[PDB]
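Just the one chain here, the form deposited in one PDB entry, laid out as structure tokens.
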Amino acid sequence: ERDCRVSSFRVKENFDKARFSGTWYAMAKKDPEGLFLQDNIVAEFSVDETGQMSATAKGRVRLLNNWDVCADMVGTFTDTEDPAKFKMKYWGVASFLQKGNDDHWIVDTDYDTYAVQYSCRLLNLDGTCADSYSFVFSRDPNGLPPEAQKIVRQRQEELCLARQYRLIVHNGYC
């Protein structure tokens, strides 16, 4: 008995696109199904003149334990009536050829310290999420202050994802 229905998750009240800009380092990850960035994950969010928020995403993958390649993406967030909620068109540009549409939600952040991003791709009949990913973002790759830790641990819980995040390696490999 703990509402895991996606339609009832709180996102970030009054999300300030532009404050959210600059570099963010993923430090922990909840994975979706199939292929995905594995580590050395780094996001670069920006907003152009109009208010269009877009971002790039750079990280490492392993395909068949034969290859270690640096994937490289670009996303563009269309808006919605929730400022914390977006539709994200993303694609590859390097080696990477895929295109996709994922929901992009900022669940909580303070633009200076940390950020919790989240994305459901599949709803079960009962409303819960069937396939989701989520990133613990940090402005400083050496970690989050004690206050941000407490909030991330709250949100992960509120997203019915606690304990399903694994930490992310960063070692210049890309």
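From 1 onward, residues are counted along the sequence shown. Definition used throughout: the rigid core is the maximal C-alpha set that superposes within 1.5 Å between two forms.
We do not show the form deposited in another entry, though everything after this point is about it.
- Superposition on the rigid core between this form and the one not shown places the CA atom of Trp91 less than 2 Å from its counterpart.
- Fitting the two forms on the rigid core leaves the C-alpha of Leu64 displaced by at least 2 angstroms between this form and the one not shown.
- Three angstroms is the minimum change: in the other form, the CA atoms of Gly100 and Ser95 sit closer than in this structure, by 3 Å or more.
- CA of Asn101 to CA of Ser95: closer by 3 Å or more in the other form than in the shown form.
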